[PDB]
Each structure stands twice: as structure tokens, then as C-alpha cells.
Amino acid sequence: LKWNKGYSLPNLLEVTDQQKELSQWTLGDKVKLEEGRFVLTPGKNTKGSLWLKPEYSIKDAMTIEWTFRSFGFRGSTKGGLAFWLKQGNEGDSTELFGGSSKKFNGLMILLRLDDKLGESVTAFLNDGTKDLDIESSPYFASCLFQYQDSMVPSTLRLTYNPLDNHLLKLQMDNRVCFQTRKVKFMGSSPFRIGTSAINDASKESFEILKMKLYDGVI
């Protein structure tokens, strides 16, 4: 029922001591805490990221909820916002959406304007051996989802239960985007949790308002 404070963001508005209350988080590149939320991409052609420092090891099951929005720009762009669960590596690349090398081991959930689906959530797996080629449409799951230019936040909820043969469910605003049993690495290995974004000169503002992790399904 209760969230795991050690793997969650604190209430960002209520923060008084930024250094203390964010000690478990790495702020990457241009991300800034501004008037009660993180702005990942505050300027033209900026990138930013938030990563939990400790690796998470699942007990039975887990829920991650990210509350986010994109404000200020609706239209054509290669910019986007990624949510990551990554395994066993520590390169310095930000080539993929301000967040990762094209070659990574884990799960990337991407909000972007896909050349063929348009405004969408697309989910990708990589096993660390190949460069992910995004423009070949190699995602294992997807849904259409409107995110650009809304003050009203959305919530991504990822639930994952190894005990139910690795059922992973991804909901956007409490509506199912996809469900899968293809993602299994989180049941048996520690992994890193984070988010990243990149924009362009149109200054799309990708923002994180809240993040909670729960040590079960809710």
C-alpha cells in the first residue's frame, strides 16, 4: 500500500532542502527543479535526466508510477521522453533521448512522435549486443497516446509481477497501453530506474511532477 521512499521522488513542491531530499537521485545534464517540478529540457536543444542512484532488487512484485507532462509545444519534432529500466552497465552516452547509448541492456518506454504511429508510447528491449535502430520500428509493444502541449499531467504506471510468469502491464492515465510477459530481467537481477528527455529549438518542456515506486502490485 505504502510507497518505497528510498526509490521514490519526494514531494517536489514541499522540498525545502534540495540536497537532502534528493540525495538518492542523480540530476543529469540540464534538468532543474523549478516551482515544484523537474523540467528535463528547459531550453532549446537541451537534454536532461533523473536516475535513481541505488539499483533496485524486486522482492515479489513492483509498481512504478511516473507523473509527467509535455508543455509549450505541439508540432513536428524528433524530441521525446523516455522511461528506463536498465541492467548491468554504466556508459556515459546520452545519444538515445538524453538517457543512454543506442546499445543498452534493458527496457526503454518512449513517448515521441513516431514517423509511422505519430504521437505514441513505444516500448523497446535491447540485450546490450546491438545498437537500437529506432527508425526501423523494432518496438515489441505500443499504443497511441496524446501528450504534447498539456498542462494537465499524465501518469505512466508500470506493474510487474515475476510470480505471475513475469506479467508486465503499462497503463497511461489508468488505461492499458500494453501487457507483456517478454520482459523478464527485473525478476532476477538488480536494475537502474530513470527517465530522460531531449527537445529541439521549439523548446518542448518535458517535465516530471512525481515518481513513486511500490514494493508490490496495487
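Note that residue numbering follows the sequence shown and begins at 1.
Quick check on the record: does 89-97 or 108-116 carry the larger mean Cα temperature factor?
Between 108-116 and 89-97, it is 89-97.
Going by the B-factors listed in the PDB entry, is the mean over the C-alpha atoms higher for 133-141 or for 74-82?
Between 133-141 and 74-82, it is 133-141.
Just grab whichever of 167, 64, 50, 58 has the top CA B-factor as deposited.
It is 58.
Going by the entry, which of 195, 199, 24, 16 has the most elevated CA B factor?
Max CA B-factor in the entry, restricted to 195, 199, 24, 16: 16.
Among modelled residues of the same chain, the CA temperature factor third for residue 39
Lowest third, going by the recorded CA B-factors of the chain.
When the modelled residues of the chain are sorted by Cα temperature factor, does residue 33 land in the lowest, middle or highest third?
Middle third, going by the recorded CA B-factors of the chain.
Ranking the modelled residues of this chain by C-alpha B-factor as given in the entry, is residue 189 in the lowest, middle or highest third?
As the PDB entry reports it, the C-alpha B-factor of residue 189 lands in the highest third of its chain.
Splitting the chain's C-alpha B-factors into thirds, which one does residue 175 fall into?
Middle third of the chain for residue 175's C-alpha B-factor.
Residue 151: which third of its chain by C-alpha temperature factor?
Middle third, going by the recorded CA B-factors of the chain.
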